[PDB]
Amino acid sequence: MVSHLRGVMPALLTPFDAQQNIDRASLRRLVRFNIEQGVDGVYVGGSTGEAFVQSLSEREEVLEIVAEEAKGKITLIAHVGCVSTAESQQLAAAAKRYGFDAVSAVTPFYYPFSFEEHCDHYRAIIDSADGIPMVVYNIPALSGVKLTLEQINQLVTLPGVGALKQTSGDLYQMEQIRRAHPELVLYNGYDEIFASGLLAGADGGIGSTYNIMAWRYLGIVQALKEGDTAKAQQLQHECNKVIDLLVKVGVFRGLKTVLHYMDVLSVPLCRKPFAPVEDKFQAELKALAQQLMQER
């Protein structure tokens, strides 16, 4: 009942137009672009989607648009997480109305919450999701929430939880989670260690860089299944050459810029306070777009 959640799913970017409003035409084209990459699903309204610089109604708008393009074609996961439980429940109710296959919520952040408060937060969102499963987070680096292994085990046991988005570079814990939960849908969250995270126990992944090169991550899955160790390592090397550049330039805006040079997004801007890409990086980003298109 949760096996359709396993796989490689881009964490969708939210295109903005030149005035910082949602670019709905480019959003639809980005959804179709990821579908045509052969991905298993899309993860909508996550941090990568710039959820935390959007209002609730803006996030609902994005969810509804993506469901219009993708429902029944690929798996649809709606990240509904806010700090507020009531805000998260509103987005989860919307994702249900729009036909999403699952919801997800980051551990609520900024304020210190007890573990039981985290559990009650997820329980409330699951209830509002009205029958579609929940993807929990581990995320300690961006959220500041540093969960134990025993707490993870209680989260993935919550009624209605169908998967864990493991946004951690700790592949000892990845292996421990897999060993304790042999059937759990377990997403690798750090793109730069994808091959090693799969080997440590993840059976899929959610990642921002999948928007520009999903076939490489799909190829790593395939190489490891095939027994082609060297091919997995070679593909990860090429992914990380790209991630190196994205870190230098700014990850979300570098991804959006590459997509603009691939004719997917009309405008590659992030919302303030993200600055635009520096002019000195445009040549490398355009060359990267050319290289990735040629590689297909």
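Throughout, we count residues from 1 along the sequence that is shown. Heads up, when I say rigid core I mean the largest set of C-alphas that superpose within 1.5 Å between the two forms.
Core-fitted comparison in 5 other deposited structures of this protein, 131 to 139 vs 111 to 119, farther C-alphas: With the rigid core superposed, the C-alphas that lie farther in 5 other deposited structures of this protein are those of 131 to 139.
Mean Cα B-factor comparison, 139 to 147 or 178 to 186, giving the higher one as deposited: Stretch with the higher mean C-alpha B-factor: 139 to 147.
Would 248 to 256 or 63 to 71 have the larger average of its C-alpha temperature factors, as given in the entry? Result of the comparison: 63 to 71.
Within this chain's modelled residues, let me know which third the CA B factor of residue 157 belongs to: lowest, middle or highest. Ranked within chain, residue 157 CA B lands in the highest tercile.
Chain-relative CA temperature factor third for residue 121: Ranked within chain, residue 121 CA B lands in the middle tercile.
For residue 211, does the deposited CA B-factor place it in the lowest, middle or highest third of the chain? Ranked within chain, residue 211 CA B lands in the lowest tercile.
Assigned third (lowest, middle, highest) for the C-alpha B factor of residue 37: Answer is highest: the recorded C-alpha B-factor places it there.
What third of the chain, by the recorded C-alpha B-factor, contains residue 22? Tercile = middle for this residue's CA B-factor.
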